[PDB]
Every structure is written in structure tokens, then in C-alpha cells.
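Structural features, examined
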Amino acid sequence: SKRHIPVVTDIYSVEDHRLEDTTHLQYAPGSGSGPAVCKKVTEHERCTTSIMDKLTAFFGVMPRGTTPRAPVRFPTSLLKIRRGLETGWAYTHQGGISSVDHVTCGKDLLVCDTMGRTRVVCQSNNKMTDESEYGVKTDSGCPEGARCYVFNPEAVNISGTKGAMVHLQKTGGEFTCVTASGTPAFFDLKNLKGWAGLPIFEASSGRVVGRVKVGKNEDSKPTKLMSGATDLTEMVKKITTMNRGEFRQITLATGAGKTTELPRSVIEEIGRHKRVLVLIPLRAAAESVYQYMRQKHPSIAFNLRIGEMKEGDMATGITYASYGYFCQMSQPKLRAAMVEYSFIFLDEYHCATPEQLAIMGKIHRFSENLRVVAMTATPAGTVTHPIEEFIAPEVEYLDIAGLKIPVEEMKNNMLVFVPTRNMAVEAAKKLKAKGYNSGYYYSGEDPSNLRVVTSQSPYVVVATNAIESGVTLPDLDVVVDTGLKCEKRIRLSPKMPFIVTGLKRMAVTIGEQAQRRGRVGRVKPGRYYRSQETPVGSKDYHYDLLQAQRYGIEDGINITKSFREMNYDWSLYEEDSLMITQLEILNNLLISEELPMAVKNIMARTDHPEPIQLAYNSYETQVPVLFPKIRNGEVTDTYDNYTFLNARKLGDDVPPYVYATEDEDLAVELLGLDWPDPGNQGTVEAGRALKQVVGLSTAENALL
Amino acid sequence: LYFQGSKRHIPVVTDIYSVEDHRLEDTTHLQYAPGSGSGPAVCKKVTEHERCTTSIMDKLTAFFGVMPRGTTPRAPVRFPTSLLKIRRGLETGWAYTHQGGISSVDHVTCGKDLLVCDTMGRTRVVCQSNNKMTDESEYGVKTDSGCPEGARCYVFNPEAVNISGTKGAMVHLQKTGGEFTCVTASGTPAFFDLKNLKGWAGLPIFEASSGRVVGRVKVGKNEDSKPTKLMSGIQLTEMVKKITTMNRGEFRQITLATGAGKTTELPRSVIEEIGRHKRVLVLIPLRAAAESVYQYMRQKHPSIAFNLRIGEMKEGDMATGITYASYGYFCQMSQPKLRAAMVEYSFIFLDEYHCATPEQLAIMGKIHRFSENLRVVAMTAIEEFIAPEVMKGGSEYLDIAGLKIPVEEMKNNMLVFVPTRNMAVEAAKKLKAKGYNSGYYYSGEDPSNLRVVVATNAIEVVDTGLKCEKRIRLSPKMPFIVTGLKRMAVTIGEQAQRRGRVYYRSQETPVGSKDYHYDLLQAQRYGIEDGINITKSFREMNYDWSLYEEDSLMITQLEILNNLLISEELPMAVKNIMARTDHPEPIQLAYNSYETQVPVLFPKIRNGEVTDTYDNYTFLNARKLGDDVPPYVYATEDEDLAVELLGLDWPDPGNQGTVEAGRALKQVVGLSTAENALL
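About the criteria used
- Residues numbered from 1 in each chain as written, not as in the entry; some residues may be left out.
- Chains lettered and ligands numbered in written order.
- Heavy atoms only, no water.
- Patch = residues over 30% accessible without salt bridge, like charges linked within 9 Å, V, L, I, M, F, W, Y side chains within 5 Å.
- Areas by Shrake-Rupley, 256 points an atom, 1.4 Å probe, with all protein chains shown as cover.
- Salt bridge = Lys/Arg side-chain N within 4 Å of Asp/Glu carboxyl O.
- Helix = DSSP H or I, 4+ residues; strand = E, 2+ residues; numbered from the N terminus.
- Pairing = 2+ DSSP bridges.
- Axes fitted to C-alpha atoms, helices over the stretch in contact; angles between N-to-C directions.
- Contact = heavy atoms within 4.5 Å.
- Domains from an automatic or database assignment.
- Buried area = accessible area lost by both parts, 1.4 Å probe.
- Polar contact = N/O pair within 3.5 Å; in protein donor to acceptor, adjacent residues only side chain to side chain.
- Nonpolar A, V, L, I, M, F, W, Y, C, P; charged D, E, K, R; others polar.
- Core = buried A, V, L, I, M, F, W, Y, C linked by side-chain atoms within 4.5 Å.
- Buried < 20%, exposed > 50% of the residue type's maximum accessible area, 1.4 Å probe, protein only.
- Parallel < 35°, antiparallel > 145°, perpendicular 65-115°, else oblique.
- Left-handed = near helix turned anticlockwise from the far one by under 90°.

**Regarding a nonpolar patch on the surface**
Together, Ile-51, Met-52, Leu-55 and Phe-59 of chain A line one region of the surface with nonpolar side chains, adding up to about 490 Å² of accessible area. Considering the arrangement of structural elements, one finds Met-52 of chain A in helix α1 (residues 51-58).

What follows is the structure in C-alpha cells.
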């Protein structure tokens, strides 16, 4: 059925005919007459396609003996086309004849006229736009909102005569069906079959502005005639039609302006005085987008919330805020502030910051009152100039972070990704001892100390996978990837201490390796030296979730439970069901009794890296304990003296910790000591619950 | 149509495997992939594999619950000795041919006629017998023979893959008790993941020596150390220790037989173990039940303090003993006040949750919002004749509510359970017209008129097996919610209450779980003031607590609509009207207020036609329907019917809130919200 030759059966010559009222001419579906430069049929010629010609054209073969024909050797007319069993139209214009692709299939028109057996050659065809050109396209543009119409010389109007027109109105890239008065009209699309290919004329000018291609009907919308960046407009439509209690996940390229232009479009669509919130992890990131946006769009108000909480904030523009900003609020205050925003955008959720998981769970508790849109350039479980890919061997040449690299590339700009900061500094000074322009970068460093090193023709910077951003490399040539990183991980066991948190060196993510290779090739081609380390798939957020539990202590909220329910509705993060269950039991223990005031103040004032430790352990021990530091796998006589703890050294008496670190567990093991067992109903029940959860016994009773 | 669940699918036979007996001394190579012996058996060898020619339209029609028109019936004997593969919607099962006809499993066929599009054309095998208690569906008479204990059996799947990797694999069995135990060809106890056995139900089980049928593949069972088995059905001090060792944030479900003291001695034991001055709450649906148990308990255990909370809200209650309360008592509280009150109790006992009253579901979801702060324990608890139904056609028997009862039993005191009240009065006057001492009872009756002398379930033996309860329909066409009374089968527990009274029951089969959708809809009211989505809270609650069976689709739809209900603040006038009216479902006013502020009185329906009478409810300030149908979001079956009979039409959504709500309901069930035709 894709073989059929289109055959012109009727030719309707037409002339411009201005009428101030077209009511009697409209096609059967508040104020206005519908004045237009109508089309009047002056002649109706029937083509004389013979029986065999018709059947041959039906079976895809052009009848033998048809001569070509110029698309100008026609009267200004509308041509009825019958392709196999289907019906459509084409029309004449200065450039020739033009029709629709799904009507003609880009095939030559069979025209058996008074000029004989002829065929019009198809010069252009476009299936995406559904246009077919037998000549050069001459359709002129149309101003937005102008009234148009499409004329069918074979339809029956309200008056019951031959020749009916459907009035239109140009909106966006499509046309809207309206009556002669201008009321939005509805048409059953079956009542419009056989109209494709007809031209759309502007009412005032009587000039072609488009073709009849596709009909579309929405539930509450009137009938439309479609004509087939632009994706962002659809995104904004979907966002703005949201009802309170709905949630959308959006995947946007960073350059497409997920943080910048998307909220701007939304707020311009719903109203400049409506309140829209945009949550960003890093304070500096929120500040940057705030300055950039308020200087770029001076017509739209903006607000930045990264410092003290502004009580009773009702700021009208777009509010760029940090998650941690709202972590300063009690649960009822958080809800009262969140429901006042027309829309809430959760930015860069793929990052698992504790403030982020806490705020996401906490607001999901009242998600029924919110319109929530989560944005990322890279969702959960998503990897992301030409480039040479090298695989460097482990250890003419030189040694860079344990990899064999040829000395030639030391003439070029090199970025070496190394797991730890001690390794970063070590390799840095080892490289400067050999006579190279080396530097180092890790968490907490100033992006300016590197200015001295990067402002030179040859430089070699050794940095952690941490802070890929701040270093801003100029004209970077080669990257050396050790394939390793250093992240915090947690272990959960039914034996107290139930929680053990520590740094671990581990393989890099596949997508994160792609990010390390992403650095070179932006302005100039480059090369990569990669280890034989194989990447591992996914991100672990468990340590960050554990830390996020803190923001629920004052409100008595189980942040782990809130996260589980949130992720159930929103599907934003990969889940380890077992680990989430255990963490939820432990979090239940964490809020089981009011935190002592002394522990509260110590937690608020200390430079301890994981003050939640004090909270978990406070169910067994009131006195924090300083374990001896572990240097090179043995026990030392040094201690991490943190502020406000009023601690004691370990000695030979191991405290009954609920929460410990890998170095504390190691100190206990090396000292030949043992961890105490649970000492109250809370910790005993928590331990037996964790043990029951890790039940290897599976049993099932399924009706096959 | 669209997605409406899984109980509508028509079963369709897709393949027919004609088979013959095939004696083998060794069957090892044929076994299915999971001490001494070869496993000699009368196997089944596939002689023909005919593929059915069910057309696309037939397949989709059967998928949407309708039987394709133009199919002729077919005897279950006009088949080769064969195994029939069945596809009901998306699921797969089996049936088999035998002397008595065709036999299959209930959860595979649902007691529906089999659509069989064979070389014989469009045919149907009629289901003669159906049994949900067992796993039997009969297209004919069951002819399965017995089996001696411990005999070796097997089940053959002509499509499974054996150890040799060919089509047709068998699982060896051995009859133990009323079930079968899985073993290998040698006889070693075997293990099977039940997923590796899904789609095997309906296959026959054969005895090894005789090669004769002894049973069907119905249910799989797996225990920790036990081997895989094939079931033929779906299948105090310790309690107190487990309850009292609970940490805040834990939940326990307890099943206790009545009289063992689910409400009395369990909470009494718990509070006696934890301390007589600790506060324990016990929530009971009925106020009179709570008051009664309060009186009984405070008279029985005078050493323990007791409190009753069924009336006005006692603010800041710190009553030390056991507090018996109605759920509705705590429905008077805002969410923060509810939390403040609930966290002060050491334990909270949810009694008789199987009722699922609106107050019950509302309180359960609302408190589950802060379950992490709570310790929650949910608790739940003459000869039998089957009388035949009577038709339009008797001489020494008599007809009671559509049942054939012998006149002899009329010499005894009879209680007739009847679904509707009109049936109660009708059968009452027919029975007194025949010369009997008859009466009637239903909700609102005088307790003395019956003293002087057929009743609705509201009386809580001749059991019709039916009741009259409100049911709801959810559609993407506004009005999205339609609620009306419907006659329906009784639950198992309620039939047990009707048999509890002194038995002639109809051929009506009971249903396992109560339908709570209407009560959930009504329960949404208790979250309007707090701005809480009771449906969402219920879904999360039941996810954590696993207390009620769930219709995922219905819950999702109800959650979308409930989100619409809380989208904007309720108008003050609507709040006051809802508080003062005798309208039976005031949540209607709240839903409709998103389109219409003026309630509409629809004409009443008497005997299926439109009347000129109206239900004049208080405080509505309504208008008569007339010829102008309001754009209702929430309607009733009689309102929808009145619209249909009057030849009128329901309006479409008229604002972005209702339009988007409709678009969400359509997005569920996979309905296109836009259409794009090439003109």
C-alpha cells in the first residue's frame, strides 16, 4: 500500500473573492463575522484517467507513455489526489505544485488532463515536516494570532452547498480551529479525513501560509492542525499544568539551562509574582546562578537563600536556595515555607548530600501540598575534539602516580587524578623534585594558589577526583587517570557497634571515569593514560544518608523512613533494600529518646567530623572516647583531640559504642580488646531486629 | 477499553499438545532442572502440537473480559487426549482432557468459559464447576483417582526444558499427606524456586507405576529446610514478651481467637508487665463496644486504672491506666494534637482492624505518619445445609428469599438474612400471607415491634449470602467518582457471624476480604482540615503494616482524586454546610465545590424510572436538577441514572485542576489524552 501512484482526479481552478461574511460557507463542527479573501471555484475539470491507467498507478507502476509536465502548466487550482484508496489534495503556486508527503509519498503525480497522459515530477520530499514539493516551496509566513482558513471545494457547508472552509487562527507552530465568529471549534478528525494537502490561507491577504497535514485533539483543547529548544517549551507546558501533589523528573543537559532557563520559562509562564524555589547543593553554586540570572534577566525578581533563615519570607521572584538553608527549619516551619512556593525544583539530586536527602524526605512527608520537579543532567545509574585512549602499565619514561608515562607528554599540560590528598601532594613534590611545574589540589584548597602553576606553558596538576570544578584548567592536553578514589562507606552488623563508618579506597565509577576523560578535548585534542583498574557501576549514598539522619533528631523524624517513602514515590535513587531496612531500624533507635542537652551542645560546637556518633553512642556511653590513631597499620600514641568533647583516652576499657569508625574498630582489634554488647532494652531490641532482618531463610507459598 | 484489573480476562487456549502413554524404565534425561533409583514410569510423549488460530480481535476481546461473538459451544470430550495451554490476559496456565471432560485450576481460569479457536472453528468450553476454596475448575466431572501414600508421581510440562535440553520436562513427585513432595528421578528430596514453576498450574499429576491422574498442580510451598511441596489450597505469655520488648517505631500484628481476650487480657497483661501507671491505648471501632469493655474490665480488674474516651475531646489527657477509646474520638484532633496525644502512650492497640471503618483507616494512616514515635500492635480475631435457589417455575416445600426450604423447619424459630430492606418487608408480608408468624428488622427499627414477635445484616437460620453495601466506581470521565448502594456477596467472617446465631445457605460463594474503598473515600474527610492526603497515608501505612489487601489501581486513582480534594482550601460555607447537613456523604460537597458551589437535587428513582420527588437535605440551599446538569466531580448511582434517563449529559472538567486530574486518571489505565490523525 506504500507503492500506490498518486493520481489527480479533479482540478478546481480558483480565484480570490473577498467577502466580509463567511458564516454561510463554514464547515459543520463569540463575536465576529470572519472577513476573508475567499477562494471561488471558477472551473471543475474531471481527469480522464483510463481504467488500465488507474489500475497500473494503483499497483505502483507509472502507465507507459506518460510524458513529464511542468508544474506551471496548470491553472491556479486545487488538485484532488487519490493514492490507491486514500484521498488528499495538492495546490498550485508560483513555484509549482505543492502537497503533503503522507498523501503523495514523494511520487510523481499522474495527471491525465486535456494535455494527455502526463506526470508531474516530485523534486523535493520531506517526511519529518510532511511536505512534498513538485516545484519550489513558495508558502509565505504568517503573523502570530492572525486568522486563517482552509477551503475544501468538495465539502458541504452549513448552507448545504459545495465548498466549505474551516476557519483557523495561528498559534505557535500550529493552527487552532475556530468558527466564523472566532469561538474555539471542535472537529471529529474523521470529518477531516481527505483534507490533507489543502493550503491554509491568511484571511486578510488570501495567501498560502501552510498546508493541512495532521489533526490533533486534546481532552479540553479545541481541534488543531499541526505542522508535522522546542523540547524546552514542551517541558514547561508539562511543568505548568501540574496539580498540587504531582512530581516530575527531568533530564536536561547542563548547557540547556536546567538551573537557569527552565525556572525562568516556568515563572514567565505562571506569573512573575508567583514564587518559585530552586534548591542547589553548593552555596557558591546558588550564589553564581543568582548573580548570573539577576544580571541577565533584570525584568524578573530573584532571591538568594544561603545564609540565615529569613522569617516569613514571601519574596516574589525565583528563589535560588541551598538545601542546608532549609535544614535550619523545624518540620512545621519547613512545610509552611514550602507550600508558599508555586513550584519547587530539586536541582542536581544525583549528588547525595545529607542536606539533600534530608530535605527531600522531609518535604515528601507533605508532598501532597507541593508541585515538585527534580532536575539532573545525569539521573540515577547513567554514564556520561577527538581523543586518544591509552592504558598505562603499573610500575624514556617516568613514574606518575604509580603509572608508566612517556616523558614527552611532560612538555604538555597534564592533569593527574589521584585518590587521596596525601598521594596528591606526594606525587606533586616528587614531580617538582625532578624539575617540573607541579601543583596539587584537594578539598578546601583555594582555586588561586593554582593560578601560579596554571599560568604557564607547561604545567602538571595532581588532584583528587574531589573538586573537579574549581581548578579550571586552561588549555589542558593530557590526563592521567589512576582509576581509584576514596569515599566514605558504612557497615551494618547485629553485633554492637552496629554502625562502622570509614574512608575506603575503591574503584572509580564508569561514568566518573568518563568524567575524568571529559576534561581534555574541549578546545584541543588530547590523550589519556588509564590504569588497568576496572570501573564499578553505581554510587553509594549510604554514608551520606546516615549523616542526613541528624536533621530529623529535633523534629523526631526518621529521615531514613522518609527517604524510603520518598524514593518509593519519586524513583530518584538506586536502593539497597536490606541496607535501607537496617538504617531505618538504627534511625528509629537514634530518635527513640530525647537527646541530652549536653550532647546537643557538644554536637553543635564540636569540630568532630561525624557528630551523629555522639548521638548514637549516647544511648550507651555519656563520655566520648579518644581511640589511638592508626599510622601504617599499627597503633600509635597520638590522639585526635576534638573540641568540646571532654573525652577520655581508650586505655584498656573499650566503651559500649553503638557507632564506631574503621580506625576505632581496628584499634580495638590490634589492642586485643573486644567491643561490649548491648546494655539496655533499646540496643538489645535494635540488635535482634537487625539480626532478624538479615534472615537468610527464604520461604514462599505461591499459587502457581 | 482500558486497564480495569486482572479478574476480567477471558481464558484462551493457545496450544493443544496431544499425548500418548510411553513406558520408560529410565526417565533421568527427562527430569526438570532444580538417592538410589531409576524412576521407571508411564511417561507422556507429545504426539501432536496444534497451535490455535485465535485472531487478534478475538485475543484483545478476551483480554478485555468480553467473549468474542459468534463462537459455538463445544463438548469437553471432542478433544484428543491432550494438555491445553491457557493464556488468561497476560498469565499462563494449563488444563487437561479426561473421561469426565476438561479439568483446570481456579486461579488460572476464574470459572470462565474457555475460548477455543481450533480447526473446528470458534468454540467455547463451558465451565460447569468452580471452587475457590480448592484450586478446582471443572469443564465436566472430576475423575481424578486416588493414590496410595508414598507412591511416586510426576508432572509433565510439554514446554519445559529437561536436563537433556529438549522440549517436554517432568518433575518427579511423591505423595505425602494431602500434598505432594518434590523429588528427583532417583528420589532425593529436591528444591525448586517457585518462580521456576510459575505457569505450571493446571497440569495433571500422574502416578508413576499406573500412569493415571491423581491430582493437579495448584500451589507451591517452600520451607527453610524442607523440600518443595505442592499444596492443594492457598493455606499468650510469648505474645506479651514479644509486645513488651518492642522499641518505638516497631509494629506487630496479632491474630487471636475471640474469648482468648484480644481486647481484655492481652492489654491487661501488657500493662501489668510494663507498669500499672504507664499509659496504654486500645482503639475500638464501636463506641458501645468500647464502653462495654470499659465497664467489664474496670469491674474485673479493680487494681488497674481504666479510662473511656468516646465523647468530647479531653485535652491534655494524661490518664494513667488502660484507655479504651473509639477511633472517632481521636478523629476530633488536628494532626499535631493527635501526635502529641499518641506519643504519650507506651503502646497503641488497634482492635478489629478488619472492619476498616472510615475513622479506623483515617486514624491508622494519620498515626502511621509518625509511626517511628509509636509502639503499635494491630489485633484481629445445627447442621450445615446448602439450599438450592428457586426459579420462575414447589408443592411440599416453600420459597424463602429465593431459596428452597423444607416446610418441616418452619416448626422452628427462623432468622432470614436478606440483603435489602425492601426484600425483608416483602418476604415478611408474603410469609404472613401464607399463615406464619413473621417479622422484619433493619437499621432504624423499633426494638419492641420485634419483641412482640427476616432481617438485614444490621441485626448484628436461612442465609441468602448477600448484603447491601455502598460501592464506588472511578472513571476518567467526569464525574470521576460514583458511589451507590449495591448488593454483593458477604465476607467469610460475616457469614461466620450469621452462622453464629443458633443452617441453610445459598450457592453464593463468600469473598475473603472486605471491600473498603468506599469507606476510604469517606475517610478522606478527616484529612481535609489538616491538609493531609488520607489515601496516601493509607497506602504508605498498609505498605509498612500489611493489614489489608490492596487494589493498586484503585488506590492510585483515589490518591490522585484526594490530591485534587486538598488542592485548595475548603470554602467556609462548604465547611459549615458539611458540619450541619444530614446529607449522607458530605465529602461530595467538598469534591464538587471545585466545579459547583450550588448543590443539585436530582429527581429520585423509584423502580428504575424518574420521579418528581427529591431528597431535601438540610442546609444545602440546593436547586433542582431541571434540564441543567451540574459539573459534578462526585456523583451517585441514582444521580448518574437520572441523568441517563432524562437524556442529559455530564459536563467535562471546567478548570485546570479538574482537567489535570482527569488527565492523570487517563494516564493511569493508559488512555490517550490526545489524538493525532493524518488527515
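**Quick notes on the pattern of salt bridges**
Taken as a whole, this structure holds 91 salt bridges over all chains when the rule is applied. By sharing partners, the salt bridges in this structure join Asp-481, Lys-485, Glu-487, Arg-489, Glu-512, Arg-516 and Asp-540 of chain A into a single network.

**Considering the sheet that holds strand β27 (residues 414-417) of chain A**
All names here are of chain A. The strand order across the open sheet built from six strands is β24-β33-β30-β27-β29-β28, with neighbouring strands paired in parallel fashion. The sheet is open, and its two borders are formed by β24 (387-391) and β28 (438-441), each paired with just one other strand. In this sheet, adjacent strand axes meet at a mean angle of 15° when their direction is disregarded. Two elements, β24 and strand β33 (residues 526-530), share five bridges in a ladder whose sense is parallel. Directly across from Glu-389, in β33, lies its bridge partner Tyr-528. Across the sheet, helix α9 (residues 421-433) is in contact with β28 and β29 (460-463); its angle to β28 comes to roughly 175°.

**What about the domain arrangement of chain A?**
Considered domain by domain, chain A is made up of domain 1 (232-376) and domain 2 (387-530). Taking the mean C-alpha position of each, domain 1 of chain A and domain 2 of chain A sit 34 Å from one another.

**Quick notes on unusual backbone geometry**
With an omega dihedral of 5°, the bond running from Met-496 of chain A to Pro-497 of chain A counts as a cis peptide bond. Along the chain, the position of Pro-497 of chain A falls in the loop between β31 (484-492) and β32 (499-507). Cis geometry marks the peptide bond from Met-478 of chain B to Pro-479 of chain B, where omega comes out at 5°. Here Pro-479 of chain B lies in the loop between β29 (466-474) and β30 (481-489). Positive phi, close to 60°, is recorded for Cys-105 of chain A, a residue that is not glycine. Topologically, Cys-105 of chain A is positioned in the loop between α2 (101-104) and β7 (109-113). The phi angle at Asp-130 of chain A is positive, at roughly 65°, despite the residue not being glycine. Among the structural elements, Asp-130 of chain A can be located in the loop between β9 (124-126) and β10 (131-135).

**Overview of the interface of chain B and chain A**
Accessible area lost upon the coming together of the parts is a frequently used measure of interface size. Counting residues at the interface gives 59 residues for chain B and 58 residues for chain A. When chain B packs against chain A, the two sides together hide about 4600 Å² of surface, and 42% of this comes from carbon and sulfur. Our count for the contact surface shared by chain B and chain A stands at ten salt bridges. With a closest N to O distance of 3.3 Å, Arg-365 of chain A and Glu-372 of chain B form a salt bridge. Inspection of the chain B/chain A interface yields 37 residue pairs in polar contact. Of all the secondary-structure elements, those providing two or more residues to the side of chain B that touches chain A are β16 (219-222), β17 (229-231), β18 (250-255), α12 (534-545), α17 (656-667) and β37 (674-678) of chain B. The dominant element in the side of chain B that touches chain A, judged by the number of residues it contributes, is α17 of chain B, at seven residues. Of the residues that constitute the side of chain B that touches chain A, the class distribution is 18 nonpolar, 20 polar and 21 charged. Relative to β16 of chain B, strand β39 (residues 700-702) of chain A runs antiparallel, the two sharing three bridges. Along β16 of chain B, the bridge assignment pairs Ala-702 of chain A with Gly-220 of chain B.

**A look at the sheet that holds strand β17 (residues 224-226) of chain A**
One open sheet accounts for eight strands, arranged β15(A)-β14(A)-β11(A)-β12(A)-β13(A)-β17(A)-β16(A)-β37(B); its pairing is antiparallel. Pairing within the sheet leaves two strands with one partner each, and these edge strands are β15 (208-211) of chain A together with β37 of chain B. In this sheet, adjacent strand axes meet at a mean angle of 35° when their direction is disregarded. Examined bridge by bridge, strand β13 (residues 174-178) of chain A and β17 of chain A share two bridges and lie antiparallel to one another. The partner of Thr-176 of chain A across the bridge, within β17 of chain A, is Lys-224 of chain A.

**A closer look at the nonpolar core**
Nonpolar side chains in soluble globular proteins tend to be buried together. One finds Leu-283, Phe-330, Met-342, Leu-350, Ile-367, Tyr-548 and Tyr-591 of chain B to be the most contacted residues of the largest nonpolar core, which totals 68 residues. By residue number, the principal contributor to this core is helix α13 (residues 552-565) of chain B, which donates seven residues. Look past the residues within four positions of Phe-330 of chain B in its chain and what remains in contact with it is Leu-281, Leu-283, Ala-325, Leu-338, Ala-341, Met-342, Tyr-345 and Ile-363 of chain B. With 53 residues, the next largest nonpolar core counts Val-103, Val-120 and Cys-142 of chain A together with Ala-677 of chain B among its residues.

**Quick look at the environment of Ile-322 of chain B**
All names here are of chain B. For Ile-322, the position within the fold is in strand β21 (residues 322-326). You can call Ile-322 buried: its relative accessible area is 0%. Along the backbone, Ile-322 and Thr-245 are 77 residues apart, and their C-alpha atoms lie at a distance of 19 Å.

**Digging into the pairing of β16 of chain B**
Residue and element names in this part refer to chain B. Taking every second residue as pointing to the same face, both faces of β16 are buried, with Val-219 and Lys-221 on one and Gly-220 and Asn-222 on the other. Note: β16 against β17, three bridges, orientation antiparallel. Bridge pairing in β17 links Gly-220 to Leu-230. Between β16 and β17, which follow one another and run antiparallel, lie six residues.

**Some remarks on the packing of helix α13 (residues 559-570) of chain A against α12 of chain B**
Two numbers describe how α13 of chain A lies on α12 of chain B: the axes approach to 12 Å, and their chain directions differ by 115°. With respect to each other, α13 of chain A and α12 of chain B are oriented roughly perpendicular. Both α13 of chain A and α12 of chain B take part in a crossing whose hand is right-handed. Contacts between α13 of chain A and α12 of chain B involve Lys-561, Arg-564, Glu-565, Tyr-568 and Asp-569 of chain A on the former and, on the latter, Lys-536, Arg-539, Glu-540, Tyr-543 and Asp-544 of chain B. Grouping the constituent residues of the contact of α13 of chain A with α12 of chain B by class yields two nonpolar, no polar and eight charged.

**Focus: the packing of helix α8 (residues 354-364) of chain A against α13 of chain A**
If you want to describe how two helices pack, look at the angle between their axes and the distance between the axes. Residues and elements named next belong to chain A. The contact between α8 and α13 brings their axes to 8 Å, and the two run at 75°. Judged on the interaxial angle alone, α13 and α8 are roughly perpendicular. Facing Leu-357, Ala-358, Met-360, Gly-361, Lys-362, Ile-363 and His-364 of α8, the residues of α13 in contact are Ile-559, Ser-562, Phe-563, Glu-565, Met-566, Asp-569 and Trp-570. The residue inventory of the contact of α8 with α13, partitioned by class, reads eight nonpolar, three polar and three charged.

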